[PDB]
Each structure stands twice: as C-alpha cells, then as structure tokens.
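Next comes just one chain, in structure tokens: the form deposited in one PDB entry.
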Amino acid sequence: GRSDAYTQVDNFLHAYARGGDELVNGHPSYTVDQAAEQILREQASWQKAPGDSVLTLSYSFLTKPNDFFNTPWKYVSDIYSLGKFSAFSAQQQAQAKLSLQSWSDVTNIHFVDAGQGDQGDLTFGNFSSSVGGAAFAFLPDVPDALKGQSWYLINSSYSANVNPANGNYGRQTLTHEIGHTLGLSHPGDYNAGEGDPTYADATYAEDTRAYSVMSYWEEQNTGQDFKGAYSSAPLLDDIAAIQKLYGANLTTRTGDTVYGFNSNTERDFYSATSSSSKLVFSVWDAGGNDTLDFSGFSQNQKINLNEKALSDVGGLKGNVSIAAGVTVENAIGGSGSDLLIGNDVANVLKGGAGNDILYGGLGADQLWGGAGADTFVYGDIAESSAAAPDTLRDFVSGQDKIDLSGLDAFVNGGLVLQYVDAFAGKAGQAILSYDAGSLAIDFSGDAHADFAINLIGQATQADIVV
C-alpha cells in the first residue's frame, strides 16, 4: 500500500485547493484567472498614450492641500471634512516607492519620480478625519481632478499608517491603495464605512489576504496563517489581475535569483534576515535558474515548486507562493523535517538537517537529503526515466529511503520486485548496481529498463520501499 511519506506528498500537492465544483465557506471557489477577472470588474485602467504595451506613470508627494482636500463635497458625495493635512513623511515616501516598485516589478509600468508637490499622475497625502476607513484611493475611471489620488489616515486614534515597514499593515495599505489607482477593486462588493461587511459578504472563497492585498479578510478564512504579518507586495491573485491590464513584466529578475535566505532580490519582502523572519510573498520571476532558500528555519516546512501553489514556510501556513507563469527551479529546506515537492522541470532539492521527504516530480532531478533519514518519493514511472533519471546526490544506506509505494504497478498492479543481474523479459525485474550506483527497473517486462535512479553512495534492497 501507499506509504505515509507518499501520502504527505499527495496531500500537500492538493493543499489549499481552489476551483472545483463545491462551495467553500458558503462561496464558490475561484481559479486565479476567475479571481483576477472579478478584481477587474469595474473595467478601469490607465490608457497607454506615449506607447502601447508599456505604461509610464509619474508620482509625487503633496506638500499642501489640493482642490479635493479643501472641498471634498464639491467632487464626491458622503465625504465632507478630511481634517488636518500633512505631507508624507520621509519614511512614508520611501515605503511608498517600495510599494510602487513591487507593482512595476510584476507588470509593464514605469514609475517616474515627480518629487514633492502635485505633479504626479499618482499623488500621496495624509488626512486626520476618518470617512469610515483607514485610507482611500480613486480608480482610474474617475474624472481627471481625482484620478491617481490616494489618501491615508493619521490621527491620535489610528497610527498604522504612520510607520509603514516590511510585513506591517501600513505597508500593505500603501500597496493596496496604489492597486486601486492602477485599476484594481476589492475582490468583493464591500466598502469600509458602509454597513457591516464580513468575509461572509465576499463573492468568492479565495477573497482573503492570502491571495490578494485588495482583500479585507484575514488569511485564516482560507486555512493560512501569517502570525500577525501582512503581505507587503502583490499576492498571487493581484499579480494575475494587474498583468491582465498592463501585461507581464518579463524583464524582472531574469538572472539566477535566490528567494528567502541569502537573497539577491534587493526586495525586503522577498528576503529573510534571521531564523525568526516572517515571510509572506508571491514570487514573480521572468527567467533564469531560481532558488527558494529557507535553510535558516528550524520549523517543519512544506515547499511546493509548482506554479500557483502555496507553501508552509518558517512556522507560517500558506505564506509563500509562486505566481502563474513562473518557473522556480530549486528549493532548500531548513533544519526541521521538511517536505519538498518539485515541478515539471529539472529541480535541485536540498533537505538539509532533519527527516525530509523529497518529491522531484517530472524531469531529471538532483536530490540532496542532507543529514537524517530522508525519503525520495516517486508517484509515476515517467518521473525518473531510464534515459534521463534522477540523481540522489548524498544517499546513505541504512538511513535514507527510496519510496516506490505510490507507483501504479504496486498499488493496483500488485507487482513484486525481482532483483536480478540481467533482464529475462519479466515485469518487476530490477538491476541494482554499484561501482556511484544505479537502480534500473523493467516494469513492462520487455527486458528493457523503463525506470531508473542514479545514486551517489550505494543503495541496497532494504533501502527500497514498495
């Protein structure tokens, strides 16, 4: 029967499932694309005039009240006095630029610094008298006198916007409000200051802060846990939504990029600095050989290298994801007992310390167990072909395990392995060799190998689980 090691792989491959024909939390479950469409329901966007396919938008930080601040009721209904005006502080301006950068990273927009004043296509400013919310912005379908404007609440009762920083609510709010100015809405028909909106009023299940920064609702609603942290940058569904409007940015991080620990992203939200770092990000990456490095964590982690998939990283749940259309090649686990699932291409998987379960998937994968009793799992024959097999780079006999219990020939076929020196034309015959080693199995029974695994360090029959 199927081993527990295989079961854990299969369960995490289908973890945080979306789509499907059943109601989730009393809502229909949406795919990433369906969620993106709903986010863009207002059909609001900036029109490309200087050049198509690439948009250029200027931004500035107001130094004095504008015409809208002075008399809001002349322009908008149900907004009267915004209180005291204050310019964006030095910290606010630097964090706004990082929020702006995180948007331009993922889509074809170039943000130009227009300095201090009312110059920019997008403007930023603080207000003190709340209109039911912590901040507000206008979508780009409004008249020119309001287009691009975002406003943020600062008073003695609300201080979240005063000191924005990586992982806090002040930063997310900035990313959220700029999202509005670019043309994104809340994933549901709800608004702060209007009645009593809850997660029950969402249009779809994946309307949480695990999938979109435009959402009001906490990640716990869809089974995630960020332990108090907020996403600083666009999440899975945000990326899909904004790319529908202004395209995918295929110039971003085209070289070999490391995410998590030892990061070369130069992005605070993509980077881990200590064993306590609370990571929340969705990877947008245009090309190259890329690595998820979570070696500095001690907790038991679950890492999924497939696109659109969510991972459990550094004591958090469903906090790391990979954007649609992104290929990430490599994963490095921490000192805890980790689960590492690869994707369709060639993957380098490193477990590190602890008892790790590695699943290369399709392609010829380089699998490092590290210290401890590690399990290398196979669910399909095509995952390690005789012509292009996996390599187990640090296999230790009597400690590590080759798991084949999930294979169709064992679960349903009822096949028993016969270890031999030559294939006589029988199903299940296996040749185990050593010099460096190799395991080659003839599952069909045509005297030719259809499944193989390359070995660095010898393996025995006892190291193979069926």
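Shifts are known only where both forms have a C-alpha. Residue indices: 1-based, along the sequence shown. In this text, rigid core is short for the largest set of C-alphas that superpose within 1.5 Å between two forms.
As for the form deposited in another entry, it is not shown, yet the points below apply to it.
Colleague: Any idea which of 380, 194, 113, 266 has its C-alpha shifted 2 Å or more between the shown form and the other one with the rigid core fixed?
Modeller: Looking at each option in turn, only one qualifies, and it is 194.
Colleague: Using a rigid core alignment, state whether the CA of residue 37 is displaced by 2 Å or more between the shown form and the other one.
Modeller: False for residue 37: its C-alpha shift is below 2 Å.
Colleague: Superposed on the rigid core, does the Cα of residue 51 end up 2 angstroms or more away between the shown form and the other one?
Modeller: Superposed on the core, residue 51 moves its C-alpha 2 Å or more between the shown form and the other one.
Colleague: Compared with this form, is the residue 174-residue 191 Cα separation smaller or larger in the other form, the difference being 3 Å or more?
Modeller: Farther apart in the other form, by 3 Å or more.
Colleague: Closer or farther apart in the other form, the C-alpha atoms of residue 155 and residue 194, for a change of 3 Å or more?
Modeller: Residue 155 and residue 194 sit farther apart in the other form.
Colleague: I need the moving stretches between the shown form and the other one: superpose on the rigid core, then report runs of 3+ consecutive residues where each CA shifts by 2 Å or more, in sequence order.
Modeller: After superposing the rigid core, the shifted stretches between the shown form and the other one are 50-53, 190-194.
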